[PDB]
Amino acid sequence: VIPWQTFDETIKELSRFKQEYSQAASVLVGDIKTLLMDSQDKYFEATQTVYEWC
Amino acid sequence: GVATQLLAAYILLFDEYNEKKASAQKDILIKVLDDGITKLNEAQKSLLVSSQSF
């Protein structure tokens, strides 16, 4: 008369979706953070080399 | 520490032209400045690789 098991299955299935996409998006945004910092190091080194030659 | 004394010796000994020490002074200058360019360039490359590790 009180469907508690279907309620728990629904809550856990809505809660697994969010865990999956958080774990997927966080790794990719951290990778983009690493790439942007690497690009800023390469930019600094190139413009400093040309500055010292000039 | 080495360059600031060899260049002061160059300013001291050649207030007037000294033809006897003129062939060796040029070799000392070339040697110490070519040593310094290599050391300064490797120090910059080491600091850059250290900055790219974070």
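All values below come from the heavy atoms of this structure, side chains included, with hydrogens, waters and symmetry mates left out. Every chain is numbered from 1 and lettered A, B, ... according to where its sequence line falls, protein lines coming before strand lines.
The pair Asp35(B)-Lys39(B) meets the salt-bridge criterion, with a side-chain N (NZ, NE, NH1 or NH2) lying under 4.0 Å from an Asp/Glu carboxylate O.
Taking CH2 of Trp53(A) as the reference point, atom CD of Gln48(A) lies at 15.0 Å (rounded to 0.5 Å). Here the CD atom belonging to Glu20(A) is positioned 10.0 Å from the OG atom belonging to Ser22(A), to the nearest 0.5 angstrom. Within the model, atoms CG of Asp41(A) and CZ of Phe54(B) stand 10.5 Å from one another, a figure rounded to the nearest 0.5 Å. Here the CG-CG distance, from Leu33(B) to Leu40(B), works out to 10.5 Å after rounding to the nearest 0.5 Å. For the atom pair NZ (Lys21(B)) and CD1 (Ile28(B)), the distance works out to 10.0 Å, reported to the nearest 0.5 Å. With values rounded to the nearest 0.5 angstrom, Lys12(A) atom NZ is found 12.0 Å from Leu14(A) atom CG.
Cluster annotation: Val32(B) is connected to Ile11(B) through the hydrophobic network of ILVMFWY side chains, with a link wherever side-chain heavy atoms come within less than 4.5 Å. Under a hydrophobic-cluster definition in which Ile, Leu, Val, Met, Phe, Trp and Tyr are linked whenever side-chain heavy atoms come within less than 4.5 Å, directly or via other members, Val29(A) and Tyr21(A) are assigned to different clusters.
No donor-acceptor pair under 3.5 Å is formed between the side chain of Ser46(B) and the backbone N or O of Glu42(B). When atom types are taken as modelled, the side chain of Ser15(A) and the backbone of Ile11(A) share no donor-acceptor pair closer than 3.5 angstrom. One N or O on the side chain of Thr10(A) and one on the backbone of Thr6(A) form a donor-acceptor pair closer than 3.5 Å. The closest donor-acceptor contact from the side chain of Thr4(B) to the backbone of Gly1(B) lies at 3.5 Å or more, if one exists at all. At distances below 3.5 Å, at least one donor-acceptor pair connects side-chain atoms of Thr47(A) with backbone N or O atoms of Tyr43(A).
Contact between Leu29(B) and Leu7(B) at its shortest, heavy atoms only, is CD1-CD2, 3.8 Å.
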Between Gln44(B) and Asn41(B), is a side chain to side chain contact (heavy atoms under 4.5 Å, CB included) present by the stated rule, with each step listed?
-> CA-CA 5 Å; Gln44(B) 281 182 348; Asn41(B) 197 3; 4.3 Å; yes

*Are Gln40(A) and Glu45(A) close enough, and set up right, to give a side chain to side chain contact (heavy atoms under 4.5 Å, CB included), and what steps lead you there?*
CA-CA 9 Å; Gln40(A) 183 62 42; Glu45(A) 188 256 327; over 6 Å; no

### Query
Stepwise, does the side chain to side chain contact (heavy atoms under 4.5 Å, CB included) test hold for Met37(A) with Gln52(B)?
CA-CA 8 Å; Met37(A) 293 176 75; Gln52(B) 291 174 353; over 6 Å; no

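A perpendicular orientation is assigned to the rings of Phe14(B) and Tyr10(B), their planes being inclined by more than 60° (bins at 30° and 60°).
The neighbour count for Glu52(A) CD, taken as heavy atoms of other residues, nucleotides or ligands under 6.0 Å away, is above 12.
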